[PDB]
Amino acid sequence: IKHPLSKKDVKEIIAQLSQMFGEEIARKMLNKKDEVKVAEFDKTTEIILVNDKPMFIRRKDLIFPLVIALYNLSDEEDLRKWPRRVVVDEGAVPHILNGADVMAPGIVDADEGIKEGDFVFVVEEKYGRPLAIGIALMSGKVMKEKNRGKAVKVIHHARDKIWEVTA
C-alpha cells in the first residue's frame, strides 16, 4: 500500500538528490510540489513514487534513483557523462546483471567526484543503459586507476526482484 510522503521528507529527498547530482538533474527528478508516495518492497527497502511513477529506493532515510528511473533517463540524456556514474565494459555486463558486484578491471570511467561510501549507478559504455546501483568501495579516481579490487557493492540491479515490480 502507498502512503503519502510528508513535505519535510520530500524536501530532504530533494536535498539529497541535489547534493549527489546537482540541482539541475535533481530538479527534473523531483520538485517540492510533486505528489510523493511510499510503498514497501521489504522490511529494509521502500520504493518512493513521484506522481505515481517509481523513482527512488529508500534504505532507512537515504534515497537513490531506481534502475528503472535511470533507464528512462538514459533515453533523454547520456548517463555516461553524469555525476555518480561508474561506466563498465561489455564483458562486465552479464556478471552484473546476474548479481555480481562491480570489479575494478571492468571499469572504463567513473565520476572523479565519487568518494568511498557514496551511492553510485553503474552504466555500460555503449548505450549508456544503467545496470545497477550501489555503494562505492573506492573513490572515483581510484576506480579509474586500479585494474584490481572490488569497486562497487551492488544493492539493486536490472533483472532483480525490485526491477520486476518497478519496471
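Counting begins at 1, following the sequence as shown.
Please work out which of 38 to 46 and 65 to 73 has the higher mean CA B-factor as recorded in the PDB entry.
-> Between 38 to 46 and 65 to 73, it is 38 to 46.
Mean C-alpha temperature factor, higher of 129 to 137 and 53 to 61 | Between 53 to 61 and 129 to 137, it is 53 to 61 that shows the higher mean C-alpha B-factor.
Which listed residue, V152, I25, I155, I13, has the largest C-alpha temperature factor in the record?
-> Largest recorded C-alpha B-factor: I25.
Name the third of the chain's ranked CA B-factors that contains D109, choosing lowest, middle or highest.
-> Within its chain, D109 is a lowest-third residue by C-alpha B-factor, going by the deposited values.
Third of the chain, ranked by Cα B-factor, where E124 sits = As the PDB entry reports it, the C-alpha B-factor of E124 lands in the middle third of its chain.
Hey, what third does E116 fall into on Cα B-factor, ranked over its chain?
-> CA B-factor rank for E116: highest third.
Would you check the entry's CA temperature factor for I96 and let me know if it's in the chain's lowest, middle or highest third?
-> Middle third - that is where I96 ends up once the chain's C-alpha B-factors are sorted.
Compared with the other modelled residues in the chain, in which third is the CA B-factor of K144?
-> Its C-alpha B-factor, which the entry lists for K144, ranks in the middle third among residues of this chain.
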